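Worksheet for the structure shown next.
What's counted below: heavy atoms across the whole structure, side chains too, no hydrogens, waters or symmetry copies. The chains referred to below are lettered A, B, ... by the order of the sequence lines, with proteins before strands, and numbering in each begins at 1.
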Amino acid sequence: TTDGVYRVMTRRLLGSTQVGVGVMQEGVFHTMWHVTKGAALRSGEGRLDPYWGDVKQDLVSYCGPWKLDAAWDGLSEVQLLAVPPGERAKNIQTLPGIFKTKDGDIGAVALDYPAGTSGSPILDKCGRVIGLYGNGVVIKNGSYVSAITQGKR
Amino acid sequence: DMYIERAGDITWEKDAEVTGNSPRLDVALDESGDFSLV
Amino acid sequence: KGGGXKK
């Protein structure tokens with residue numbers, strides 16, 4: 001199955017519904033846990049079985065261990081490769097904010113998209129995936145900010 | 001039952017629109033995977 | 001975050 005960015009679809013609701021987005025790289029499919037809940041996936045005629053997942057990180061990988069290990073450099077602009085339901089993939093460039101936590105700081109992107117955009121990759125200037133979009137907060141003025149959520153390789 | 005469909009290459013786009021703020025926020029992450037503002 | 005809330 002080809003490297004790239006993928007829509008995660010279900011037929012269980014009304015019509016065809018996009019519940020999320022993911023990344024195929026090095027033979028492993030990467031998405032957020034709340035998108036699939038760890039359920040298996042179909043890719044054409046083939047089946048993708050969950051391999052690793054963690055609810056607290058809100059991540060899951062299929063067919064193998066988590067492969068994405070690039071990280072935001074804390075300084076440069078990044079691009080969100082947003083794949084909204086029913087709409088063409090689009091790159092949005094932005095300078096990340098920061099989630100400060102008791103266990104360290106991670107990048108965050110203040111961009112709002114439909115729920116089924118969950119799992120869209122965030123990219124550095126070399127095209128490496130530095131994390132996935134869609135686990136975040138709503139701040140005082142009502143705007144959505146997503147963590148740049150990255151796994152461990 | 002869920003299935004996947006390719007949507008593109010993972011590639012930096014030279015002429016991308018630039019938008020969005022860079023807020024610095026104190027947050028907490030709970031065992032359920034939910035972020036909250038501290 | 002639409003109807004996803006935080007998600």
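Proximity to chain B involves both the backbone and the side chain of A:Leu95, based on heavy atoms less than 4.5 angstrom apart. For A:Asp112, no part lies under 4.5 angstrom from a heavy atom of chain B. Proximity to chain B is limited to the side chain of A:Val129, based on heavy atoms less than 4.5 angstrom apart. Heavy atoms closer than 4.5 Å to chain A are found in both the backbone and the side chain of B:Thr19.
For the pair B:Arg6 and A:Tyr6, the tightest heavy-atom approach, listed with the atom from each and the gap, is N-CD2, 3.3 Å. B:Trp12 and A:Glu77 make their closest contact through CH2-O, 3.6 Å (heavy atoms, listed as atom of the first residue, atom of the second, distance). Of all heavy-atom pairs between A:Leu111 and B:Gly20, the closest is CD2-CA, 4.0 Å. Considering all non-hydrogen atoms of both residues, B:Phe35 and A:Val137 come closest at CB-CG1, 3.4 Å. Nearest heavy-atom pair across B:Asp30 and A:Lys56 is O-CG, 3.7 Å. Taking both residues in full, the closest heavy atoms of B:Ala7 and A:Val83 are given as CB-CG1, 3.8 Å, listed atom of the first, atom of the second, then distance.
No side-chain donor-acceptor contact under 3.5 Å links B:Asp1 to the backbone of A:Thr10. Between the B:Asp26 side chain and the A:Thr101 main chain, no donor and acceptor come within less than 3.5 Å of each other.
A:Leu123 places a side-chain heavy atom less than 4.5 Å from the side chain of B:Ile10. Residues A:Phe99 and B:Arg24 fail the side-chain proximity criterion, which asks for heavy atoms closer than 4.5 Å. Two residues are said to be in side-chain contact when any heavy atoms from C-beta on lie closer than 4.5 Å; B:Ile4 and A:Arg7 fail this criterion. No side-chain heavy atom of B:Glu17 sits less than 4.5 Å from a side-chain heavy atom of A:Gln93.
Tested against A:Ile139, the residues B:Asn21, B:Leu25, B:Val27 include a single side chain to side chain contact (heavy atoms under 4.5 Å, CB included) partner, B:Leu25.
In this structure, CE in A:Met9 is found 5.5 Å from CD in B:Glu5, a value given to the nearest 0.5 Å. Separation of atoms NE2 (A:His34) and OG (B:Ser32) is listed at 14.0 Å; rounding is to 0.5 Å.
Of the listed residues (A:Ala110, A:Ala147, A:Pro121), the greatest number of heavy-atom pairs within a distance under 4.5 Å of chain B belongs to A:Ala110.
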